>>> print(open('protein-v9.txt').read())   # compact mmCIF, C-alpha atoms
# COMPACT_ATOMS: atom_id res chain seq x y z
CA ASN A 1 -191.76 1.88 -81.65
CA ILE A 2 -190.82 -0.29 -78.66
CA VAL A 3 -193.12 -3.27 -78.11
CA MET A 4 -193.32 -5.24 -74.85
CA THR A 5 -194.04 -8.96 -75.23
CA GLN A 6 -195.45 -9.97 -71.85
CA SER A 7 -195.66 -13.66 -70.93
CA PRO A 8 -197.62 -15.70 -70.19
CA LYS A 9 -200.99 -14.60 -71.58
CA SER A 10 -203.05 -16.06 -68.72
CA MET A 11 -201.89 -18.32 -65.90
CA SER A 12 -203.73 -20.22 -63.17
CA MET A 13 -202.01 -20.86 -59.85
CA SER A 14 -202.98 -21.86 -56.33
CA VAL A 15 -202.54 -19.91 -53.10
CA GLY A 16 -199.18 -19.81 -51.37
CA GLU A 17 -196.83 -20.69 -54.24
CA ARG A 18 -194.17 -18.54 -55.85
CA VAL A 19 -195.10 -17.11 -59.24
CA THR A 20 -193.08 -15.31 -61.90
CA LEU A 21 -194.03 -13.19 -64.90
CA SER A 22 -191.77 -12.12 -67.76
CA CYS A 23 -191.74 -8.95 -69.88
CA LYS A 24 -189.37 -9.00 -72.86
CA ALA A 25 -188.77 -5.66 -74.57
CA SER A 26 -187.98 -5.43 -78.26
CA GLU A 27 -185.44 -2.61 -78.12
CA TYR A 28 -183.35 -1.36 -75.18
CA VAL A 29 -185.03 -0.04 -72.03
CA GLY A 30 -182.48 0.44 -69.28
CA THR A 31 -184.35 0.24 -65.98
CA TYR A 32 -187.49 2.20 -66.92
CA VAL A 33 -189.94 -0.72 -66.94
CA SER A 34 -192.82 -0.28 -64.51
CA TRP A 35 -195.28 -2.90 -63.29
CA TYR A 36 -198.94 -2.00 -62.67
CA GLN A 37 -201.64 -4.10 -60.98
CA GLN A 38 -205.11 -3.52 -62.44
CA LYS A 39 -208.03 -5.11 -60.62
CA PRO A 40 -211.31 -5.48 -62.55
CA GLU A 41 -213.53 -2.38 -62.55
CA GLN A 42 -210.78 -0.24 -61.02
CA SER A 43 -207.90 1.96 -62.14
CA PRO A 44 -204.40 0.47 -62.49
CA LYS A 45 -202.14 0.97 -59.49
CA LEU A 46 -198.38 1.27 -59.85
CA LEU A 47 -196.55 -1.60 -58.14
CA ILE A 48 -192.92 -1.38 -59.30
CA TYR A 49 -191.64 1.99 -60.51
CA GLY A 50 -188.33 1.41 -62.21
CA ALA A 51 -186.95 -2.10 -62.14
CA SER A 52 -186.84 -3.52 -58.58
CA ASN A 53 -188.20 -0.55 -56.64
CA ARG A 54 -191.50 -1.11 -54.86
CA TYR A 55 -193.97 1.75 -54.66
CA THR A 56 -195.06 3.16 -51.31
CA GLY A 57 -197.61 0.82 -49.78
CA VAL A 58 -196.71 -2.37 -51.67
CA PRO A 59 -196.06 -5.53 -49.61
CA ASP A 60 -192.58 -7.04 -49.65
CA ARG A 61 -193.82 -10.16 -51.47
CA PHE A 62 -193.38 -8.37 -54.83
CA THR A 63 -189.86 -8.31 -56.25
CA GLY A 64 -188.58 -7.01 -59.58
CA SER A 65 -185.60 -8.06 -61.65
CA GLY A 66 -184.23 -5.77 -64.33
CA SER A 67 -181.95 -6.01 -67.36
CA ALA A 68 -181.54 -4.37 -70.76
CA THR A 69 -184.51 -6.14 -72.39
CA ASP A 70 -185.87 -8.89 -70.13
CA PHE A 71 -187.66 -8.02 -66.90
CA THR A 72 -189.22 -10.26 -64.27
CA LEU A 73 -191.88 -9.81 -61.59
CA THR A 74 -191.76 -12.47 -58.86
CA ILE A 75 -194.52 -12.77 -56.27
CA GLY A 76 -193.83 -14.90 -53.21
CA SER A 77 -196.53 -16.08 -50.82
CA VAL A 78 -199.53 -15.11 -52.95
CA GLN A 79 -202.59 -13.99 -50.99
CA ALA A 80 -206.27 -13.98 -51.98
CA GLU A 81 -206.56 -10.38 -53.25
CA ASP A 82 -203.78 -10.71 -55.87
CA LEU A 83 -206.21 -11.83 -58.61
CA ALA A 84 -205.81 -9.04 -61.16
CA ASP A 85 -204.08 -8.07 -64.38
CA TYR A 86 -200.38 -7.18 -64.29
CA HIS A 87 -199.18 -4.86 -67.04
CA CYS A 88 -195.55 -4.02 -67.77
CA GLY A 89 -194.83 -0.71 -69.43
CA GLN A 90 -191.54 0.85 -70.41
CA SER A 91 -190.87 4.57 -70.22
CA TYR A 92 -187.39 4.83 -71.78
CA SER A 93 -189.19 6.10 -74.87
CA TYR A 94 -192.81 7.12 -75.31
CA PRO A 95 -194.61 4.65 -73.02
CA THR A 96 -195.95 1.44 -74.56
CA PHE A 97 -197.63 -1.15 -72.36
CA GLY A 98 -197.82 -4.92 -72.63
CA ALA A 99 -200.86 -7.09 -73.18
CA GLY A 100 -201.19 -8.04 -69.51
CA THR A 101 -201.67 -11.38 -67.77
CA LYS A 102 -205.06 -12.27 -66.32
CA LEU A 103 -204.03 -13.97 -63.08
CA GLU A 104 -206.26 -16.88 -62.09
CA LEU A 105 -206.78 -19.25 -59.18
CA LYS A 106 -207.02 -23.03 -59.51
CA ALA B 300 -140.08 -18.35 -97.24
CA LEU B 301 -136.54 -17.69 -96.04
CA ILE B 302 -136.29 -21.17 -94.48
CA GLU B 303 -137.52 -22.75 -97.72
CA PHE B 304 -134.85 -20.88 -99.67
CA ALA B 305 -132.23 -22.04 -97.16
CA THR B 306 -133.34 -25.66 -97.59
CA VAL B 307 -133.29 -25.32 -101.39
CA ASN B 308 -129.75 -23.93 -101.30
CA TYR B 309 -128.66 -26.68 -98.91
CA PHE B 310 -129.96 -29.36 -101.28
CA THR B 311 -128.60 -27.64 -104.40
CA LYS B 312 -125.63 -29.24 -106.21
CA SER B 313 -126.28 -32.50 -104.31
CA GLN B 314 -129.96 -33.36 -104.93
CA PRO B 315 -131.16 -30.74 -107.45
CA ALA B 316 -134.30 -32.75 -108.23
CA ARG B 317 -135.61 -32.34 -104.68
CA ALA B 318 -134.60 -28.67 -104.67
CA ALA B 319 -136.45 -27.87 -107.90
CA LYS B 320 -139.42 -29.95 -106.73
CA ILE B 321 -139.84 -28.13 -103.43
CA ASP B 322 -139.33 -24.78 -105.16
CA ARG B 323 -142.04 -25.47 -107.75
CA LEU B 324 -144.25 -26.69 -104.90
CA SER B 325 -143.62 -23.60 -102.76
CA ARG B 326 -144.54 -21.46 -105.75
CA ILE B 327 -148.13 -22.65 -105.14
CA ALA B 328 -148.22 -23.62 -101.46
CA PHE B 329 -147.43 -20.20 -99.97
CA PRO B 330 -149.90 -17.99 -101.92
CA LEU B 331 -152.85 -20.37 -101.47
CA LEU B 332 -152.15 -20.63 -97.74
CA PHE B 333 -151.91 -16.85 -97.43
CA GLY B 334 -155.19 -16.43 -99.30
CA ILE B 335 -156.91 -18.96 -97.06
CA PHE B 336 -155.55 -17.24 -93.95
CA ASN B 337 -156.70 -13.84 -95.19
CA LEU B 338 -160.19 -15.14 -95.94
CA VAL B 339 -160.46 -16.81 -92.52
CA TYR B 340 -159.13 -13.78 -90.63
CA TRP B 341 -161.31 -11.20 -92.37
CA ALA B 342 -164.43 -13.37 -92.28
CA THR B 343 -164.21 -14.27 -88.59
CA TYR B 344 -163.37 -10.68 -87.63
CA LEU B 345 -166.01 -8.91 -89.75
CA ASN B 346 -168.86 -11.24 -88.75
CA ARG B 347 -168.69 -10.07 -85.12
CA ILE C 121 -185.95 32.01 -62.16
CA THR C 122 -189.55 31.35 -63.15
CA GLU C 123 -192.24 33.08 -61.10
CA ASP C 124 -193.32 29.85 -59.38
CA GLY C 125 -189.81 28.96 -58.21
CA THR C 126 -188.84 26.61 -61.05
CA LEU C 127 -185.15 27.32 -61.62
CA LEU C 128 -182.99 26.58 -64.66
CA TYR C 129 -179.21 26.43 -64.40
CA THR C 130 -177.06 25.49 -67.39
CA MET C 131 -173.29 25.31 -67.66
CA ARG C 132 -170.94 24.78 -70.59
CA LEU C 133 -168.50 22.03 -69.67
CA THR C 134 -165.66 20.14 -71.35
CA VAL C 135 -165.69 16.76 -69.63
CA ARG C 136 -162.70 14.44 -70.07
CA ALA C 137 -164.11 11.14 -68.88
CA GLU C 138 -162.69 7.62 -68.71
CA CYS C 139 -163.78 5.04 -71.30
CA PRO C 140 -162.45 1.60 -70.30
CA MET C 141 -161.65 -0.35 -73.45
CA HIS C 142 -161.13 -4.05 -74.17
CA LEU C 143 -158.78 -3.92 -77.15
CA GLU C 144 -159.11 -7.60 -78.02
CA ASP C 145 -160.68 -6.94 -81.45
CA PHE C 146 -158.30 -4.13 -82.41
CA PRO C 147 -158.94 -2.46 -84.78
CA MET C 148 -162.41 -3.93 -85.43
CA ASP C 149 -163.69 -3.18 -81.92
CA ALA C 150 -166.79 -1.42 -80.61
CA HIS C 151 -166.87 0.61 -77.41
CA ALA C 152 -169.49 2.09 -75.08
CA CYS C 153 -167.93 5.17 -73.50
CA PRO C 154 -169.92 6.00 -70.33
CA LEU C 155 -170.57 9.33 -68.63
CA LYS C 156 -171.83 8.90 -65.06
CA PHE C 157 -172.84 11.97 -63.07
CA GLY C 158 -174.40 12.04 -59.63
CA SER C 159 -174.60 14.06 -56.43
CA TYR C 160 -171.87 14.61 -53.86
CA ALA C 161 -172.73 14.93 -50.14
CA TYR C 162 -176.46 14.44 -50.89
CA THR C 163 -177.76 10.87 -50.64
CA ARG C 164 -180.88 9.44 -52.28
CA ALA C 165 -183.13 10.44 -49.38
CA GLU C 166 -182.34 14.12 -50.11
CA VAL C 167 -181.55 14.81 -53.79
CA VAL C 168 -182.88 12.53 -56.54
CA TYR C 169 -181.95 13.12 -60.17
CA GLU C 170 -184.23 12.60 -63.14
CA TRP C 171 -184.20 13.26 -66.86
CA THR C 172 -186.34 16.17 -68.00
CA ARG C 173 -187.69 14.64 -71.23
CA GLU C 174 -188.28 11.04 -72.22
CA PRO C 175 -184.98 9.31 -71.33
CA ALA C 176 -184.45 8.55 -75.02
CA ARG C 177 -184.63 12.28 -75.81
CA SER C 178 -182.59 13.80 -72.97
CA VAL C 179 -179.00 13.39 -74.17
CA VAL D 2 -202.39 13.20 -55.38
CA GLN D 3 -206.03 12.91 -56.43
CA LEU D 4 -207.18 12.97 -60.06
CA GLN D 5 -210.91 13.52 -60.69
CA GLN D 6 -212.05 12.63 -64.20
CA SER D 7 -215.38 13.37 -65.88
CA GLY D 8 -218.42 11.10 -66.16
CA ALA D 9 -219.39 8.61 -68.81
CA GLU D 10 -220.33 9.98 -72.23
CA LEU D 11 -222.95 8.70 -74.68
CA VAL D 12 -221.93 10.24 -77.99
CA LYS D 13 -223.16 9.72 -81.53
CA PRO D 14 -220.57 8.57 -84.08
CA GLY D 15 -219.06 11.57 -85.86
CA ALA D 16 -219.04 14.08 -82.98
CA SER D 17 -216.36 15.50 -80.68
CA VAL D 18 -216.02 14.60 -77.00
CA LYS D 19 -214.01 16.67 -74.51
CA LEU D 20 -213.01 14.75 -71.38
CA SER D 21 -211.64 16.63 -68.38
CA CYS D 22 -209.17 15.60 -65.67
CA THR D 23 -208.92 17.88 -62.62
CA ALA D 24 -205.76 17.39 -60.55
CA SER D 25 -206.24 18.11 -56.83
CA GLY D 26 -203.23 17.93 -54.52
CA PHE D 27 -200.46 19.34 -56.76
CA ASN D 28 -199.66 21.67 -59.65
CA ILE D 29 -199.70 20.23 -63.16
CA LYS D 30 -196.75 22.45 -64.15
CA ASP D 31 -194.42 20.15 -62.21
CA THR D 32 -195.20 16.81 -63.89
CA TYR D 33 -196.42 15.50 -67.22
CA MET D 34 -199.98 14.33 -67.94
CA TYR D 35 -200.46 11.09 -69.85
CA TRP D 36 -203.73 9.95 -71.42
CA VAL D 37 -204.34 6.21 -71.72
CA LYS D 38 -207.12 4.30 -73.44
CA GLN D 39 -208.20 0.75 -72.67
CA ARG D 40 -210.59 -1.27 -74.79
CA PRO D 41 -212.68 -3.79 -72.83
CA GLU D 42 -210.64 -6.81 -71.73
CA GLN D 43 -207.52 -5.72 -73.65
CA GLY D 44 -204.19 -4.09 -72.94
CA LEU D 45 -203.57 -0.43 -72.21
CA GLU D 46 -202.73 1.94 -75.06
CA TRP D 47 -201.03 5.33 -74.99
CA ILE D 48 -202.83 8.33 -76.50
CA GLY D 49 -200.58 11.29 -75.79
CA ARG D 50 -198.82 13.37 -73.18
CA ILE D 51 -198.68 17.11 -72.53
CA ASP D 52 -196.18 19.36 -70.76
CA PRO D 53 -198.50 21.85 -68.99
CA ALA D 54 -195.69 24.37 -68.44
CA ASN D 55 -195.10 24.93 -72.18
CA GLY D 56 -197.85 23.18 -74.11
CA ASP D 57 -195.59 20.65 -75.80
CA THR D 58 -197.87 17.70 -76.59
CA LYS D 59 -196.78 14.40 -78.11
CA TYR D 60 -199.21 11.87 -79.57
CA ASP D 61 -199.14 8.28 -80.69
CA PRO D 62 -198.67 8.20 -84.49
CA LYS D 63 -202.03 6.43 -84.86
CA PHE D 64 -203.69 9.07 -82.66
CA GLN D 65 -202.29 12.19 -84.34
CA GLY D 66 -205.05 14.50 -85.57
CA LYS D 67 -207.88 12.36 -84.22
CA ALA D 68 -207.21 13.39 -80.62
CA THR D 69 -205.88 16.64 -79.17
CA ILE D 70 -204.68 17.41 -75.65
CA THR D 71 -205.00 20.87 -74.13
CA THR D 72 -204.67 22.15 -70.59
CA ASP D 73 -205.89 24.86 -68.23
CA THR D 74 -203.37 25.83 -65.55
CA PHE D 75 -205.73 28.20 -63.72
CA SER D 76 -208.16 25.41 -62.79
CA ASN D 77 -205.50 22.64 -62.93
CA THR D 78 -207.32 20.64 -65.60
CA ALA D 79 -206.24 18.52 -68.56
CA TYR D 80 -208.64 18.26 -71.51
CA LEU D 81 -208.65 15.54 -74.16
CA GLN D 82 -210.79 16.24 -77.23
CA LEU D 83 -211.47 13.48 -79.77
CA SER D 84 -211.88 15.37 -83.04
CA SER D 85 -213.49 12.73 -85.27
CA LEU D 86 -214.48 9.39 -83.75
CA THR D 87 -215.91 6.22 -85.26
CA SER D 88 -217.91 3.47 -83.54
CA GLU D 89 -214.80 1.54 -82.44
CA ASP D 90 -213.28 3.74 -79.71
CA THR D 91 -215.84 2.73 -77.07
CA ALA D 92 -213.08 2.29 -74.50
CA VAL D 93 -212.22 3.55 -71.01
CA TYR D 94 -210.05 6.67 -70.90
CA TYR D 95 -207.63 7.15 -67.99
CA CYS D 96 -205.68 10.23 -66.94
CA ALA D 97 -202.36 9.72 -65.18
CA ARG D 98 -199.42 11.77 -63.93
CA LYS D 99 -195.79 10.75 -64.25
CA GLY D 100 -194.19 9.33 -61.12
CA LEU D 101 -190.63 9.05 -59.89
CA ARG D 102 -188.84 6.88 -62.45
CA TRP D 103 -191.05 8.07 -65.32
CA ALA D 104 -193.77 5.64 -64.22
CA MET D 105 -197.42 6.73 -63.93
CA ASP D 106 -198.01 6.59 -60.19
CA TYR D 107 -201.40 8.33 -59.87
CA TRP D 108 -204.11 7.35 -62.36
CA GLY D 109 -207.59 8.75 -62.73
CA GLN D 110 -210.83 6.76 -62.63
CA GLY D 111 -211.90 6.37 -66.26
CA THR D 112 -214.60 8.03 -68.36
CA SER D 113 -216.15 5.06 -70.14
CA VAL D 114 -217.36 6.56 -73.42
CA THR D 115 -220.08 4.84 -75.44
CA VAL D 116 -220.65 5.32 -79.17
CA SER D 117 -224.00 4.11 -80.51
CA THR D 118 -227.36 5.31 -81.83
>>> encode(input="protein-v9.txt", output="structure tokens")
Amino acid sequence: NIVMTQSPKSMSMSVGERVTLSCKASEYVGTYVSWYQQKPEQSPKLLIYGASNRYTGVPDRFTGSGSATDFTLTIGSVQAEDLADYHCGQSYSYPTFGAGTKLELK
Amino acid sequence: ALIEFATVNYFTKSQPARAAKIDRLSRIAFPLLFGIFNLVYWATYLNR
Amino acid sequence: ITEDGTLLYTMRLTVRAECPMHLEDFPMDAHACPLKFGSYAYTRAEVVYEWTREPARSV
Amino acid sequence: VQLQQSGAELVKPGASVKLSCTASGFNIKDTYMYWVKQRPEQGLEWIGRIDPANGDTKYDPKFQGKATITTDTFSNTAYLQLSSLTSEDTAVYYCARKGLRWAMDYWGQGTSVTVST
């Protein structure tokens, strides 16, 4: 069973600053870590399929960074509709998701 | 080992005390050093 | 040839690949012999490859 | 392309619920069909997947026997039946199809089940 420790648990950040989230896998997952953006009261939407490959319709302010275990999601100029959860889920084995990070504004 | 024997033979019949001393010392100095080297080699190459 | 067009095409190969080795821990070394296969004359915009089961259960 | 789930269910503890997921815009024989649960304000959890071309279904070890996943290729539907359920699985159930790099690109909408008396 592969577990994905996603960090941090909940962060608060202002508009227009660069932000980074980390997703450390227990075992090996080559580049099969996907990042989903789940807004409240809606269904999760795939942002980054594979490591560092944006899905069709995703702005260029999202960038992925892949490795064997550690993966990173960097957002650049953060807008006002990016207040949602951000789950990381591997697919190298049977898919197991992370706990997610409740993004906040302050 | 060969160099130690050569030194022993060079000092023999002139200073036999030093020859016997270094021979009785090399009867203990070589095996302990080889054991230490074996331990170090195997330990540092099996830990990786 | 399945009735809906889904094809299946298997071959029996004997691949002699290259496994670059760093023999600096000989003979207590560990290797990772790769096997890379891709498409020729067909770029990503035309033919994309994908494993058929969970990537841990394909090979 | 467009996954239409069922509506919310209000089921008594100890019964069986069968949630449906109709795929419109493609054939389910081409891709897999993953079922995901999500407790309120918690992380996503995998239930099981099904290969609609064969019927090969894999489940999470803690969801084996409790849930079952069947299909219907004629109407392009995926069914998830919870055999025996307690009062704890009052979560939101999503239906998703596998994407390009084994991601789940298209998700459903969620049938928020409710277990009470």
>>> residues_around(input="protein-v9.txt", residues="residue A:13", least_positions_apart="6", cutoff="12 Å", atoms="all atoms listed in the file", output="JSON, numbers by chain")
{"A": [19, 20, 75, 77, 78, 79, 80, 82, 83, 102, 103, 104, 105, 106]}
>>> closest_residue(input="protein-v9.txt", among="C:152, C:176, C:161, C:135", to="chain D", atoms="all atoms listed in the file")
C:176
>>> residues_around(input="protein-v9.txt", residues="stretch 94-106 of chain D", least_positions_apart="5", cutoff="9 Å", atoms="only C-alpha atoms", output="PyMOL selection string")
(chain A and resi 31-36+43+45-50+55+89-92+95) or (chain C and resi 170-171+174-175) or (chain D and resi 4-6+20-22+29+32-40+79+111-114)
>>> residues_around(input="protein-v9.txt", residues="stretch 142-147 of chain C", least_positions_apart="3", cutoff="9 Å", atoms="only C-alpha atoms", output="list in words")
residues 344 of chain B; 150 and 151 of chain C
>>> residues_near_point(input="protein-v9.txt", point="(-216.0, 15.5, -83.3)", cutoff="8 Å", atoms="all atoms listed in the file", output="list in words")
residues 15, 16, 17, 18, 83, 84, 85 and 86 of chain D
>>> residues_around(input="protein-v9.txt", residues="stretch 302-315 of chain B", least_positions_apart="4", cutoff="12 Å", atoms="all atoms listed in the file", output="PyMOL selection string")
chain B and resi 319-326+328-329
